[PDB]
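Peer 1: First the structure, which I've put down as structure tokens, then a few questions once you've had a look.
6 protein chains.
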Amino acid sequence: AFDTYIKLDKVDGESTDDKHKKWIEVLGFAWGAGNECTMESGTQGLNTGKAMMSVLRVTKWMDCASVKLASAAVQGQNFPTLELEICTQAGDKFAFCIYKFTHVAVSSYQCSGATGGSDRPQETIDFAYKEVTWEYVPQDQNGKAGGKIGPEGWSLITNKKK
Amino acid sequence: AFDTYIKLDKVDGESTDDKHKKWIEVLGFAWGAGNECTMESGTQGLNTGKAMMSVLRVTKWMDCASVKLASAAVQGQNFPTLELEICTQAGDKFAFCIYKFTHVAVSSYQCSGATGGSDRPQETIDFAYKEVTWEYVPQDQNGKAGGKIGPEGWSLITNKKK
Amino acid sequence: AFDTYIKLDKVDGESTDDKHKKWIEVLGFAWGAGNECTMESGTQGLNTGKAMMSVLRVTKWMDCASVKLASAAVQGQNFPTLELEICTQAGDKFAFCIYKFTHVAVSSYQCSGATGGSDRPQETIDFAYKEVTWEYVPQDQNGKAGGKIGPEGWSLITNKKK
Amino acid sequence: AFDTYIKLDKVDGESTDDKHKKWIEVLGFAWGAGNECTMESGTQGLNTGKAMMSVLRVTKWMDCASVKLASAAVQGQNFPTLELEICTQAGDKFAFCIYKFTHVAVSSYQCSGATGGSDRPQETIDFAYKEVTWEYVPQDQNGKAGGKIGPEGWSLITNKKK
Amino acid sequence: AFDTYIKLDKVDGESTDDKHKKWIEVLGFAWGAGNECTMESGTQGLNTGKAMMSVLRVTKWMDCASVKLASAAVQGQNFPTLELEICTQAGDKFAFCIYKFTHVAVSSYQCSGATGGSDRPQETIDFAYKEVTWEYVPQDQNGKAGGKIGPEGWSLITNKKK
Amino acid sequence: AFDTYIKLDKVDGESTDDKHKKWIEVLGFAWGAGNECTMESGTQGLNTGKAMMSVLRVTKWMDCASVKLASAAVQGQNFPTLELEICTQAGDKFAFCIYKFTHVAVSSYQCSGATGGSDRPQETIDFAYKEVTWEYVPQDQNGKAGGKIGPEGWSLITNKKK
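Chains as they are written, first to last, in PDB author numbering: chain A, 2 to 163; chain B, 2 to 163; chain C, 2 to 163; chain D, 2 to 163; chain E, 2 to 163; chain F, 2 to 163.
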């Protein structure tokens with residue numbers, strides 16, 4: 002259920018499934034946005050102010066991407082595009098949620114090792130970006146998919162939509 | 002027990018039950034209000050000062066509303082009306098508590114994915130607003146409902162009741 | 002054991018037991034007082050300074066009082082009298098502790114809903130006040146009650162006892 | 002094991018055991034002292050500076066002392082003497098630790114009620130003081146007691162020993 | 002699984018396995034790097050700013066290295082090289098991750114003892130450094146290893162790569 | 002396993018084992034040292050700066066030493082020597098780690114009592130000092146001991162080694 006993959010330009014991960022070959026296998030993502038809307042209690046309009054977005058926080062094991070992720074950090078390396086993709090365990094293994102970032106960087110890379118229990122050390126990566134898109138897809142109780150829900154998004158270079 | 006649904010103007014969720022078609026299915030809500038009454042210990046009257054209210058914090062899975070919720074955030078999108086509704090599992094599936102917000106915005110949208118366990122990622126949404134109403138309904142031990150308890154509320158535009 | 006009820010002037014709760022009809026059924030109360038006695042280590046006398054008291058923090062389910070409690074908050078509504086009462090499960094269901102507040106307000110009302118597990122949402126209410134009284138009653142191991150322990154208390158309008 | 006009792010001048014608690022009639026039965030005490038000795042790393046001598054002591058934090062159920070404890074708080078009531086006593090479950094139910102405070106006050110009284118589970122609400126009391134004494138007594142593996150370990154202590158009025 | 006060893010110049014640990022004789026056996030490592038990339042939302046470029054790296058936090062039992070580690074701390078002792086190495090439990094016990102630090106110091110040494118349960122006290126060591134290298138190696142599902150992933154790294158003396 | 006004893010000059014504890022008669026039996030110790038080595042990222046050398054050490058935090062039950070420990074606190078009492086010693090459960094009950102402090106004080110004494118469960122109240126003592134030594138001893142898998150690992154240490158009066 003909710004198997005998550007993520008793609009970086011010229012950065013081979015280790016995945017194996019048909020639709021995500023050499024992608025990076027990821028556990029959790031965590032991501033957020035929201036504006037500066039106060040509870041005011043004195044102003045007539047709402048007053049949304051400015052828009053804002055959060056880094057994406059990826060969790061995953063060590064793989065073949067580690068070293069590049071490690072270097073990316075201290076290198077301030079610019080990527081054109083990061084694609085996040087969560088795909089259904091059942092149904093048709095399709096992506097019911099397709100995220101898309103543009104102008105991405107690794108803002109932090111962390112590493113740590115349980116020691117003697119769970120296999121594979123675990124890393125946590127923070128991906129800073131400029132632009133992004135949501136895209137969601139429902140699933141027919143009959144197993145199959147349904148219509149895709151209008152790909153929308155936002156840009157921190159323009160402070161406009163999509 | 003305590004099944005919670007929530008409605009937004011022109012924002013189809015995914016619900017299915019008769020009374021809440023295409024509504025957004027929600028787990029928890031959390032909401033609060035209260036004034037600035039100090040323990041003083043020097044003033045003769047009570048001294049309630051100003052009134053205040055909190056954002057509503059919704060919890061729910063990803064659905065078809067996600068993308069719109071996502072966009073709403075960075076878009077500062079204004080909605081006329083948000084209706085919250087908690088409905089009894091037994092009895093007559095009626096709403097024993099009907100909340101009503103007027104002039105609503107999404108102040109924050111957060112996203113996160115367990116990775117490989119529970120199904121469906123989970124989002125947490127903060128809804129800023131201008132006005133609102135409580136409304137509660139008791140339930141007859143004989144299963145059925147009882148009289149509705151006077152719909153009351155408050156406005157941050159007037160700082161008056163109802 | 003330790004069943005707690007609480008009464009507000011013209012504010013029907015939902016209780017049912019003989020001695021507390023239409024009272025508000027409550028789970029926890031939490032309450033505190035104490036003065037500003039420092040560990041000094043330089044002054045000869047003790048130096049109690051000023052007296053102080055805390056809000057009472059009530060916990061309970063949603064009931065018929067909710068809406069009034071909700072309104073009370075933003076309304077800064079003044080009540081003459083709040084009576085707290087904890088009554089023995091065994092023995093004679095009598096109140097072994099009788100609290101009494103005078104000039105009460107709701108300083109905050111909070112709401113929240115588990116989602117799908119425990120029944121009934123849960124609210125937490127903070128009651129600000131001016132005056133109050135303890136009153137305790139022992140219980141005879143023979144089941145029955147014993148003498149009542151001198152009703153005492155204090156006032157924040159006078160900073161005197163009882 | 003480690004049954005704790007505590008005595009206040011003209012303040013009947015509820016205890017029953019032979020050696021502690023009408024004393025107040027207590028669960029935990031928590032107490033501390035220590036000076037202002039820094040890790041310096043620049044000064045030749047140690048440099049203990051000033052001496053200091055902590056309030057005693059008592060935990061216990063509601064009893065017949067509650068009301069007096071409650072009043073003591075807001076009243077800044079001065080007591081001459083508080084005796085703490087921890088007594089062995091086995092052996093001879095003797096006190097292997099005898100604490101003694103002089104010039105005591107209640108600096109805070111807190112109250113709280115679980116609601117519906119454990120019996121008896123629980124209060125936490127902070128006792129401010131001027132002077133105090135330790136006294137400890139070993140126990141013969143043969144069940145019986147041993148010699149008492151020199152009653153020592155300290156005073157915050159003199160900043161001298163015993 | 003994920004057995005971790007670490008080597009210091011002229012500092013015999015206690016390990017025993019063929020490939021890591023007299024090395025120091027370690028449980029967890031924890032390590033991190035990342036730059037100062039803000040979510041900006043006003044600047045056109047990304048703006049990675051400066052690069053930065055974290056201390057390495059080692060966890061291990063007391064061994065023969067303890068005393069030297071202890072002395073290193075207060076001595077500010079400079080080492081040329083610290084090699085970290087995590088080796089597969091299965092396959093060929095090879096190191097699928099080879100870390101390499103240059104110009105290392107012990108910035109802190111901590112000690113602590115459970116008391117009576119787990120064997121061996123536990124120490125936590127922080128290793129400050131100047132330079133370092135990642136190096137990772139995949140593993141053939143057929144048990145054996147695969148190609149090594151380009152040894153990269155970074156230097157805080159140059160603020161350049163590798 | 003890892004049985005810990007500690008000795009103070011003219012301060013009889015309660016221990017019983019042959020090698021530690023009347024010593025104080027202790028559960029945990031916790032102790033630390035380390036210098037002020039920054040991650041700099043601008044300076045060429047390492048830059049260890051100053052050396053520093055932590056108090057030793059002892060945990061133990063109440064015994065015959067309590068009262069003296071209690072008095073030591075408020076008395077700022079100077080001891081010449083504190084010896085810490087952790088001894089193997091198996092093998093030959095020898096001390097595989099011998100700590101030695103010189104010019105010791107009790108900087109804090111804390112007390113607390115579970116109430117009715119675990120036997121014996123528990124105290125936590127902080128020992129401030131001037132000087133100290135590590136000393137470790139390996140153990141032959143054949144049960145017996147091995148060579149002792151050079152007794153080293155440090156002084157806060159000189160800021161030199163051993």
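Ideal Cβ positions, reconstructed from N, Cα and C, are used throughout, including at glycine.
(1) Among the residues of its own chain, which have a CB less than 7 angstroms from the CB of residue 56(B), if the five just before and after it don't count?
(2) Would you call residue 1(F) buried or exposed, if buried means 16 or more other Cβ atoms sit within 10 Å of its Cβ?
(3) If you reduce the DSSP assignment to three classes, tell me which class residue 93(C) lands in.
(4) Can you list the residues of chain F that residue 191(E) reaches, using a CB-CB cut of under 7 angstroms?
(5) Using Cβ-Cβ distances below 8 angstroms, what residues of the region 105-119 of chain D are close to chain C?
(6) Okay, do the region 80-91 of chain F and the region 6-13 of chain F touch, 3+ Cβ pairs below 8 angstroms being the bar?
(7) Could you list the residues in the region 149-163 of chain F with a C-beta less than 9 angstroms from some C-beta on chain D, going in chain order?
(8) State the Cα-Cα distance for the pair residue 4(F) and residue 96(F), rounded to the nearest angstrom.
(9) What residues are listed by DSSP as bridge partners for residue 4(C)?
(10) Helix, strand or coil for residue 28(E)? Go by DSSP, reduced to three states.
(11) Report the residue ranges of all alpha helix (DSSP H) runs contained in full by the region 36-92 of chain F; include only those spanning at least 4 residues, in chain order.
(12) Tell me which residues of the region 4-23 of chain C have at least one Cβ-Cβ distance to chain B shorter than 8 angstroms, keeping chain order.
(13) Distance, Cα to Cα, residue 2(B) vs residue 92(B)?
(14) Does the distance from the CB of residue 1(D) to the CB of residue 103(D) come in under 8 angstroms?
(15) Who are the near neighbours of residue 148(A) in its chain, counting only those whose CB is closer than 8 angstroms to its CB and skipping five residues on each side?
(16) Measure the Cβ-Cβ separation of residue 75(D) and residue 151(C) and say whether it is below 8 angstroms.
(17) Nearest-angstrom Cα distance between residue 123(D) and residue 113(F)?
(18) Considering only C-alpha positions, which residue in the set 16(E), 24(E), 61(E) and 18(E) is nearest to residue 125(E)?
(19) Closer than 7 angstroms: is that where the CB of residue 6(E) sits relative to any heavy atom of the ligand MN?
(20) Find the nearest neighbour of residue 153(C) within the set 30(C), 116(C), 100(C) and 146(C), judged by alpha-carbon distance.
(21) Quick check on the burial criterion: 16 or more other C-beta atoms within 10 angstroms. Buried or exposed for residue 119(B)?
(22) Which residue from 38(C), 27(C) and 21(C) puts its Cα closest to that of residue 131(D)?
(23) Which residues of the region 56-84 of chain D have a Cβ closer than 7 angstroms to any Cβ of chain C? Give them in chain order.
(24) Go ahead and label residue 141(A) buried or exposed: buried means 16 or more other beta carbons lie within 10 angstroms of its beta carbon, across all protein chains shown.
(25) Quick check on residue 127(D) - is its C-beta less than 8 angstroms from some C-beta in chain C?
(26) Along the chain, which unbroken stretches of the beta strand (DSSP E) at least 3 residues long are found entirely within the region 103-138 of chain A?
(27) Just checking: is the beta-carbon of residue 139(E) within a distance shorter than 8 angstroms of some beta-carbon in chain F?
(28) Would you say residue 95(D) faces chain F, with C-beta separation under 8 angstroms as the test?
(29) Helix, strand or coil for residue 11(B)? Go by DSSP, reduced to three states.
(30) Quick one: does residue 53(A) have its CB under 8 angstroms from some CB of chain E?
(31) Taking the straight line between their C-alpha atoms, what separation do you get for residue 70(D) and residue 110(D)?
(32) With DSSP as the reference, please indicate the residues paired to residue 154(E) in a beta bridge.
(33) According to the Cβ coordinates, are residue 17(F) and residue 29(D) closer than 8 angstroms?
(34) Considering only the alpha carbon of each residue, which of 41(D), 40(D), 58(D) and 94(D) lies closest to residue 106(D)?
(35) If you draw a straight line from the C-alpha of residue 143(F) to the C-alpha of residue 86(F), how long is it?
(36) Among 34(D), 31(D), 32(D) and 40(D), which one has its Cα closest to the Cα of residue 33(F)?
Peer 2: Inspection of the coordinates gives the following:
(1) 108, 127, 128 and 129
(2) Only positions 2 to 163 of chain F appear in the structure, and residue 1(F) is not among them; the question remains open.
(3) coil
(4) Since the displayed chain E opens at 2 and closes at 163, residue 191(E) lies outside it and no answer follows.
(5) 106, 107, 108, 109, 110, 111, 112, 113, 114, 115, 116, 117, 118 and 119
(6) yes
(7) 157, 158 and 160
(8) 9 angstroms
(9) 88(C)
(10) coil
(11) 67-76
(12) 15
(13) 10 angstroms
(14) Residue 1(D) falls outside the range modelled here, since chain D spans only 2 to 163, and no answer is possible.
(15) 138 and 139
(16) no
(17) 18 angstroms
(18) 61(E)
(19) Among the components of this structure there are no ligands whatsoever, and the ligand MN is therefore not found.
(20) 100(C)
(21) exposed
(22) 38(C)
(23) 56, 63, 65, 67, 68, 71, 72, 74, 75, 76, 77 and 79
(24) exposed
(25) yes
(26) 123-129 and 132-134
(27) no
(28) no
(29) coil
(30) yes
(31) 7 angstroms
(32) 134(E)
(33) no
(34) 58(D)
(35) 22 angstroms
(36) 40(D)
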